[PDB]
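Observations on the three-dimensional arrangement
What follows is the residue order along each chain.
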Amino acid sequence: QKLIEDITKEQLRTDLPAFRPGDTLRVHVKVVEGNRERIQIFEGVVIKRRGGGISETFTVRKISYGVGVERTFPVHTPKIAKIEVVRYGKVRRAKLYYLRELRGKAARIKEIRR
Amino acid sequence: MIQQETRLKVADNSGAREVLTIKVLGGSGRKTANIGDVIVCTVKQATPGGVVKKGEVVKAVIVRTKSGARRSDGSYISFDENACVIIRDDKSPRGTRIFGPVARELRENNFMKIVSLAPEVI
Amino acid sequence: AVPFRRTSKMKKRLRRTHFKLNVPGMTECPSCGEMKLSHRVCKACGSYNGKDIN
Amino acid sequence: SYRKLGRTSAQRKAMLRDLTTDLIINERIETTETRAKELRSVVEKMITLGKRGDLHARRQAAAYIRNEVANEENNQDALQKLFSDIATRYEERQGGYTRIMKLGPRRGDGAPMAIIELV
Amino acid sequence: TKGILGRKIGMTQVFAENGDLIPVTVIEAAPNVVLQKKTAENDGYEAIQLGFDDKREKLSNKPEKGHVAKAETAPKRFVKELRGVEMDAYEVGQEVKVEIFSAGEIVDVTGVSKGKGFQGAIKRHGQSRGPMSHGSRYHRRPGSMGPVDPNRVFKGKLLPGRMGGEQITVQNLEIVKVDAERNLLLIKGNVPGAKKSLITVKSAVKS
RNA sequence: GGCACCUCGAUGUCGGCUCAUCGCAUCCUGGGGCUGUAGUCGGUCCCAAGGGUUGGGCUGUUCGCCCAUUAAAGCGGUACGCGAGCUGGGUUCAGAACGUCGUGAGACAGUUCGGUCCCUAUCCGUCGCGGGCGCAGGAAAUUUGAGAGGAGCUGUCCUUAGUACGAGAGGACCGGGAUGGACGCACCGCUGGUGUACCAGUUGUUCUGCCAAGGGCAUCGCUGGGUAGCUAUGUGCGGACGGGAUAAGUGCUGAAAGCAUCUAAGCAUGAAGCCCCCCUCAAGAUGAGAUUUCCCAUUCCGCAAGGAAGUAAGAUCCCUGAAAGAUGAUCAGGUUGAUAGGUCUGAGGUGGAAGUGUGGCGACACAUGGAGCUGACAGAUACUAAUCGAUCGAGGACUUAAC
């Protein structure tokens, strides 16, 4: 896909920090409520890390007011401003789907600091 | 993504506990329902203290869905639990408060007053 | 699925018209032959362009 | 895609592993033309594993090649010959190790046959 | 009406200006050459026989070599007319390279569909499956032909069969970006056909 | 219902699941005339089959009732459409009961429980794909489109407007603007689904002499993810913008009947109808078309008619295969070569391999190291296999006219 790679390069976002699939990074996202853009911080654990250049995405997730939220973020979207990895975490796998059902302290066991 | 005969737990202080769906108001027509859709519904269960009582037939607007909602930005949202707020005729919610996160998809619709009661919007 | 009637000899032979197998292609061997169909080792000398492998 | 041969998928692994071992001792084998085409893809990869000489690579050969005796008196394992004989013989060459000449159809069921041998 | 037909290679996502995600199809498009120019007073109709993807002489037939000789061009593969070009448009033999298409133009797309192979009616026509339980042997099968009175199957009655490989129009697709240096087209929305298949890029009807 | 002309050496009943199509006395949408039509919303009679025609509860049911909807949830024909497609729930076999009738044996458009629905497609039919010959010489191509099919439905909101109207209450016609439903056509790059020669973890037993590290089997042993391909519940698009003659209507000039009068003369207006615009198959449209570019005008017989043997353009047999595919066919190719496999470099997937060292009593953990493993996805590389060859294939019929 060398030609396909040539197109994606123009929209490539090298500014984004490198990170492991298992961590509590905090994506910033402007929201056009109209007219001013609010900045909603959203901490959570990433799970999926699908490949495919610009099409790459990751699934940050967070419990909120007793209920979880699954807000996927594409890796190279313009809407992201900055990403801060508050904590690193050891992971025996790559697809941590199971943790969402394991409320609540059990989820923290996979969230061990590194 | 919600089919007919799909129980949906209450998200507001209507006094109801769980609320089964009846039929989507959209078209002849659509069976599926994302967020912001209005659906007539039955109250299968309710808390003893509240205006709502079991077996009542009242419309309710969807607030949360297990299915991943789509946006033009490409961002997706899928809550751990499905939810709806009870509403009759005028779209002001019967619930004094709305528990949990609320989808922003309601905001594009003139449903904005409901959004104001939300503790947080995602 | 029981047929209503016996087939005529005409229709039968007409069905027989396409049933016949086609003749395989053949070529003379560079070494001796004869002959050898294309892209397969001869059962005779066993030569293959033109190496002798058995 | 990969050919099925109609065999059960569990059988398919053993069916390939058996042919890879029999080629080691016999150096050459005649089988059906279609199975022969499938055969070259598996065996040549095994030869690549023997190139590095790595101890980890030898264990990978055990996953496929079975523990059958090769040459008499020498008592070499079927795995061992690849690391001692075939590897040195193809240190220069890179791929194309297994030519497969076609052969006439078998009388017993019309099945086409093909010779398989290293080169 | 212009149409630089060319093979697609791979699907891509492309965002610009607005933050919304826009699906995009790559197209090889350029270069193309006018092998011939039809005339209504002689050939009976207005058309231009554009070619695509030049190839070595070894694959070219002798009569094909003569057809391009008038075009002052090397022998080339597929050829298609595009009624109705605005004559005189271009001089004979002139090259074309994506210059016509702007990002704002709406563009119809036509091409051979990807082969699904021989298939059942449910895929071929979307017919509902029969019950899988309650002792019913019936499922997947197309069902009754219809009325007994005609004593014949109605023509055009749906039956399972091979699908795909037929040319299929997809109207009103929109271009996203233009890359003339790489001869790339970037049309929004799905474009029908197998990977690396030829694809026409005719101008959309307006308005 | 009546009659007993089809069938009692077999026409398998009812209601559904399946797919339909047809006819209008048109449920809705579009066109209107009259209203006890203020507006809004209706009533009625005329145009109109183009399209759309509901999800459940009760009952074997049709029907009907009820609930929630919808622009509307119209009827009927097609062996009360379809069982060599399916369902046996209802009646319509043999068992058993209740109630009633009969001395009994049994019976009951009275009811209840259980109860083998057989069949390899010959022909005509239809959905797809080839092999032949023809198309007055052989070919490679590109297409004209006689004809044929598909598509054909609509909801809301934002404006003009809170204006026209109405005491108020209510609330438009028309012209524009955005967003959905139902359905249809396509593609995976997102969302995912699957993914049996991909990766990892793990159980029992057995096999590699024992360790470490693996193999076989147990549904792929099980479990967690997933390339490609295949896919919708995902995405993108579709019914748009307009003409031609009209239907019911609305008419304009004017006569037969000096006035009058849509018509008898003559000119208009006028609909999701019809014809095209839109998309698709199509010159076996034996009416066999048209245009572009190639091969040449042979060699042998027979005075003639006509027939053979080679060849040119080109194609095939065979072979590497897939963007194709049941088999043919189609397309990419056949050694001045990337067609497939392999080999290298990547992408993606699964993710800290083996070995070694260190910490710990052990079990394990850490380091070496985003390592290792990689089935179909890419980029190059003749390293292998697409050998060597063979076969098919035209010498342009006779007339008339213009030259």
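About the thresholds
Residues numbered from 1 in each chain as written, not as in the entry; some residues may be left out. Chains lettered and ligands numbered in written order. Part of a larger assembly, values for the part shown. Heavy atoms only, no water. Contact = heavy atoms within 4.5 Å. Buried area = accessible area lost by both parts, 1.4 Å probe. Salt bridge = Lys/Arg side-chain N within 4 Å of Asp/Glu carboxyl O. Polar contact = N/O pair within 3.5 Å; in protein donor to acceptor, adjacent residues only side chain to side chain. Nonpolar A, V, L, I, M, F, W, Y, C, P; charged D, E, K, R; others polar. Helix = DSSP H or I, 4+ residues; strand = E, 2+ residues; numbered from the N terminus. Buried < 20%, exposed > 50% of the residue type's maximum accessible area, 1.4 Å probe, protein only. 1 Å grid on protein atoms, 1.4 Å probe; cavity = no way out; pocket = protein on both sides within 12 Å on 5 of 7 lines; lining within 4 Å. Points joined across faces, edges and corners; volume = space filled by probe spheres on them.

As stated in the entry header, the method of structure determination is cryo-EM and the reported resolution is 5.45 Å.

1. Here we look at the interface of chain B and chain A
Contacts between the two partners involve 19 residues from chain B, matched on the other side by 16 residues from chain A. Across the chain B/chain A interface, buried area totals approximately 1700 Å², and carbon plus sulfur atoms make up 48% of it. Between the two partners, chain B and chain A, sit 2 salt bridges. A salt bridge links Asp80(B) to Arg103(A), with the shortest nitrogen-to-oxygen separation between them at 3.1 Å. Inspection of the region where chain B meets chain A yields 6 residue pairs in polar contact. Here the residues of the side of chain B that touches chain A are counted per class, giving 7 nonpolar, 4 polar and 8 charged.

2. Digging into unusual backbone geometry
Of note, the bond from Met87(E) into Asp88(E) is cis; its omega dihedral lies within 30 degrees of zero at 5 degrees. Along the polypeptide, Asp88(E) turns up in the loop between β5 (79-80) and β6 (95-96). In this structure, the amide linkage connecting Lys206(E) to the following residue, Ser207(E), adopts the cis form with an omega of 0 degrees. Structurally, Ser207(E) can be placed in the segment after β11 (184-188). Backbone geometry places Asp89(B), a non-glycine residue, at a positive phi of 50 degrees. Relative to the elements of secondary structure, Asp89(B) occurs in the loop between β7 (83-86) and α1 (105-108). The class of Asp89(B) is exposed, set by a relative accessible area of 76%. Positive phi values are uncommon outside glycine, yet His39(C) reaches one of about 60 degrees. Note that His39(C) resides in the loop between α1 (9-16) and β1 (47-48). Under the relative-accessibility criterion, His39(C) is labelled exposed at 64%.

3. Notes on empty space enclosed by the protein
Residues and elements named next belong to chain E. All chains considered together, the criterion is met by 5 cavities of 30 Å³ or more. The volume enclosed by the largest cavity comes to roughly 90 Å³. In terms of lining, the largest cavity is formed by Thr1, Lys2, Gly3, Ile4, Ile48, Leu50, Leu82, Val85, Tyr90, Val96 and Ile100. Residue composition of the lining of the largest cavity, by class: 8 nonpolar, 2 polar and 1 charged.

4. A few points about the interface of chain D and chain C
Listed by partner, the interface residues are 11 residues for chain D and 8 residues for chain C. Buried surface at the junction of chain D and chain C, summed over both partners, amounts to about 860 Å²; 64% is from carbon and sulfur atoms. Among the residues of chain D in contact with chain C, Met101(D), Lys102(D) and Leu103(D) are the three that bury the most area, contributing 51% of the side total. Our enumeration of links across chain D and chain C arrives at 1 salt bridge. Ionic pairing is found between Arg40(C) and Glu33(D), a salt bridge with its closest N-O pair at 3.4 Å. The tally of links from chain D across to chain C stands at 3 residue pairs in polar contact. Going through the elements one at a time, β1 (28-32), β3 (102-103) and β4 (113-118) of chain D are the ones with two or more residues in the side of chain D that touches chain C. Grouping the constituent residues of the side of chain D that touches chain C by class yields 4 nonpolar, 1 polar and 6 charged.

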